[PDB]
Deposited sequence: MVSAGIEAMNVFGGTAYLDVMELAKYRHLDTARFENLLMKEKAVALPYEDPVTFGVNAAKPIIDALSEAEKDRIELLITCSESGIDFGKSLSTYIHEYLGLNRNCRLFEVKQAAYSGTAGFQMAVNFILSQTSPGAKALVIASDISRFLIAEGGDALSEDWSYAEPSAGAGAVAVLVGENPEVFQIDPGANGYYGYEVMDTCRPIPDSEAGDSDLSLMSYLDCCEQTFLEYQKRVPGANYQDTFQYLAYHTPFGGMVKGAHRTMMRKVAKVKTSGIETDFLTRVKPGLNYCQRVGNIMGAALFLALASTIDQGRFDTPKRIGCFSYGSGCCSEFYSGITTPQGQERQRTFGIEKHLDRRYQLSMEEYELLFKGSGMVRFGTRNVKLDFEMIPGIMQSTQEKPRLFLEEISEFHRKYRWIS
């Protein structure tokens, strides 16, 4: 039996800001950013959260399904490092507002940015196991940033939602072609409620691939993969990481690398420039960007490398088809990103004062939707109305 992504969609915020503009406004070093390949970062409003982001990313997928297909969704995993509770998973809320069927396992995975791939891989095994024939799974990776701080202009918000099933036109995985590698490392962690990392990212990038060769004999990092998606905090480092892979692993001459980069990796970097570091969903975004931006006149193989701080990592691969690229174009992802609202610095600064309001242990709060009066002509979208004795009230808005 086959398994993989049947559909996939991105929600890249309601609002964003120009990252360069933000660097200047921080009276900051204009030059450390110049070729980190960053343009825009999505910003979650106070009336948004990981439930919001996941729902708004998943809905367009559910909407395009029949009622019989929606009812075969029996696994909802949300993957986050932006959780709202120690025990209550984001999946509960998300399950409600998508109106999924109650005959469904639901829960939250966590392992910094590896979360997304962990969920996805669990979902693929569900399919593969055939413990419930013809079922599907919805993995939704959702993360937002709330806040030395040269990290502020990169830190984004976003979610990608991945429908996994048995007829995957958009990314059919090569079952068992996996190189997972993990070890404890004093990497960047997230312990308060709201350098080493690069070494570790690259160790993982090499070791995952070697492990994949160990299981896929004949796998070659140049010819096997027509495109390559990486966990991409920001394009700059991925460019560096690809360069370092081509020398260290593929062992090819420095003269050819930029061409290899522009043909095989640059398409996956398109949407990440628009959103920022979206953590659990960074890789999925790169994969989506890759399927939208690249050329699939015939079926092509993409290699995906996932890295999560702490750390764990994995390198897997699958085949996307022309059918699959058609499917994915119907979500009009680019068009969605274009339409977001560009914050001004004075607006961004206001958002900063009111974002304290929604904090982690937040018990009660009512949210003003016209705090930035302009923001509120598309389909309905979910927003956080209020928190009451820790419970979260969301509302649809046209």
What portions of the deposited sequence, indexed from 1, have no corresponding C-alpha atom in the structure? 1, 149-160, 208-213, 396-398
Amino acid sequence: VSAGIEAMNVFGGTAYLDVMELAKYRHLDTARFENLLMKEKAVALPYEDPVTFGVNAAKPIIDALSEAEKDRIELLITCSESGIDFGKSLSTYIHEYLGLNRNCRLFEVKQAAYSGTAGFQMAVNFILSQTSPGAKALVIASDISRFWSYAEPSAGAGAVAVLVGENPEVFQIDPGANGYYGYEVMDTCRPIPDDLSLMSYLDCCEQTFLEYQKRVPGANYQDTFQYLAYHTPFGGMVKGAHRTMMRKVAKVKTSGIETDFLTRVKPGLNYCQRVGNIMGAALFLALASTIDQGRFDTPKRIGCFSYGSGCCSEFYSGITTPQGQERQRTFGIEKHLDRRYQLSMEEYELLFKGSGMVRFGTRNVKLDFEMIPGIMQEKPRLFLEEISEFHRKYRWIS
From here on, numbers count along this sequence of modelled residues.
Look up the CA B-factors in the entry and say which stretch, 344-352 or 52-60, has the higher mean. 344-352
Averaging the C-alpha B factors as listed in the entry, name the stretch that ends up higher: 377-385 or 12-20. 377-385
Highest recorded C-alpha temperature factor, please, choosing from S255, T208, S129, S306. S255
Per the deposited B-factor column, the C-alpha that peaks among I94, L196, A123, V160 belongs to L196
Chain-wide C-alpha B factor ranking for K88, given as lowest, middle or highest third: lowest
Third of the chain, ranked by Cα B-factor, where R190 sits: highest
Relative to the other modelled residues in the chain, which third contains the C-alpha temperature factor of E108: lowest, middle or highest? lowest
Modelled-residue ranking by C-alpha temperature factor, third containing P322: highest
Ranking the modelled residues of this chain by C-alpha B-factor as given in the entry, is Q172 in the lowest, middle or highest third? lowest
